[PDB]
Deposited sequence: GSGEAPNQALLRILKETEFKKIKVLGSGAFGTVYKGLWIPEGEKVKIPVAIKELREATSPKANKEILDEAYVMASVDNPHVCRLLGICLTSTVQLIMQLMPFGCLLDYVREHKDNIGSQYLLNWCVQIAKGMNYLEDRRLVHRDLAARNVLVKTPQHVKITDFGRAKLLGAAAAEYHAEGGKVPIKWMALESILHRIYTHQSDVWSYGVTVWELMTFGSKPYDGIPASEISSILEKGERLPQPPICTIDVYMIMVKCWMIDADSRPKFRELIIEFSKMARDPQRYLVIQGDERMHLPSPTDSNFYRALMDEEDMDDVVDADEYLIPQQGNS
């Protein structure tokens, strides 16, 4: 049927890492010292709160399972798990936070070269996920993290599902769903494919190009299916040439097979990234500028395991 999944799940001792401060609430910023390695790895530690919910523990281990099984520079790196009273996910620290907050916060300092490069990197990450027969089902600007302004990674595999040996599509049954990012076939028939992820990519690019605007702002989610069936789509962002907007629009075609492939999105955004001021028009683009003992600090990207 399928290739065996020989990814390694690393179990880490609570004593191997120190929580420096809280990032959200329960994600912490911390440092991880693998036992007798003489390295310090900046980490984000996701620690469950209740700890008495069996449902919560099943969901967290599903995410752990998916994150352990991915290895790509544009997908979030899981370092291991800690089986304390409270299960802790230990991941690469992405110090600039989620790309949605980053584009809202830095709107005035983000040029065309950064935006189109992010489009390429997200497409590479998504192409890698498709190569692994993985459907993300929650691609959004909130689910992309910033290691540096030059380097983003797809995160949040909470909804991610792995197509079967013969499984072209995935069927789901209820919960809180991100309607405004979802392909029409997903909203109507709970059909999810690599092509439904392309729809969500289109919406994510719309978020970046509007510097973090909310899609269909002030429209109820119950309305969204009707609006799309009528042929309405998100509007052309001000900075976007027709070249960039047309690629977004193609991601929102009703025929899933008519949407671009992730591998084609890498190619089209890369051509545009070669000459960014021809494809995005941003006021003052030319002036745009972005970024104890740290002796033994190594980023997770330089920390490789056999």
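**Student:** Would you list the gaps, meaning deposited-sequence stretches without C-alpha coordinates, in the order they occur?
**Tutor:** Deposited residues absent from the model fall in 1 to 2, 28 to 31, 298 to 311, 327 to 331.
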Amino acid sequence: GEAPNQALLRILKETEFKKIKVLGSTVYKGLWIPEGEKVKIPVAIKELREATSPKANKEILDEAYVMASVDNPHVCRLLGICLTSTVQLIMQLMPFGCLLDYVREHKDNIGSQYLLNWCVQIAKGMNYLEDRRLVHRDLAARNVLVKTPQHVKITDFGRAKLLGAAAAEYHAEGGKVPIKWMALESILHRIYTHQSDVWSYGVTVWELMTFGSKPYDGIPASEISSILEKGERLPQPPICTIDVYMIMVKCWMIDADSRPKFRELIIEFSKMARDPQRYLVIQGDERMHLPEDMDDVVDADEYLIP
From here on, numbers count along this sequence of modelled residues.
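**Student:** Decide which of the stretches 132 to 140 and 164 to 172 has the higher mean C-alpha B-factor, going by the entry.
**Tutor:** Going by the record's values, the stretch with the higher mean is 164 to 172.
**Student:** Quick check on the record: does 292 to 300 or 5 to 13 carry the larger mean Cα temperature factor?
**Tutor:** Per the PDB record, 292 to 300.
**Student:** Among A51, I41, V281, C251, which residue carries the highest C-alpha B-factor recorded in the PDB entry?
**Tutor:** Comparing C-alpha B-factors across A51, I41, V281, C251, the top value belongs to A51.
**Student:** Looking at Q92, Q88, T193, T148, which has the biggest Cα B factor in the entry?
**Tutor:** So the option with the highest C-alpha B-factor is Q88.
**Student:** Taking the values exactly as deposited, rank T241 by C-alpha B-factor within its chain and report the matching third: lowest, middle or highest.
**Tutor:** Lowest third of the chain for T241's C-alpha B-factor.
**Student:** How does the C-alpha B factor of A221 compare with the rest of the chain: lowest, middle or highest third?
**Tutor:** It falls in the top third of the chain.
**Student:** Within this chain's modelled residues, let me know which third the CA B factor of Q277 belongs to: lowest, middle or highest.
**Tutor:** Its C-alpha B-factor, which the entry lists for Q277, ranks in the middle third among residues of this chain.
**Student:** Could you place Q121 in the lowest, middle or highest third of its chain by Cα temperature factor, using the values in the record?
**Tutor:** Lowest third - that is where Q121 ends up once the chain's C-alpha B-factors are sorted.
**Student:** Looking at the temperature factor on the CA atom of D108, which third of the chain's modelled residues does it land in?
**Tutor:** As the PDB entry reports it, the C-alpha B-factor of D108 lands in the highest third of its chain.
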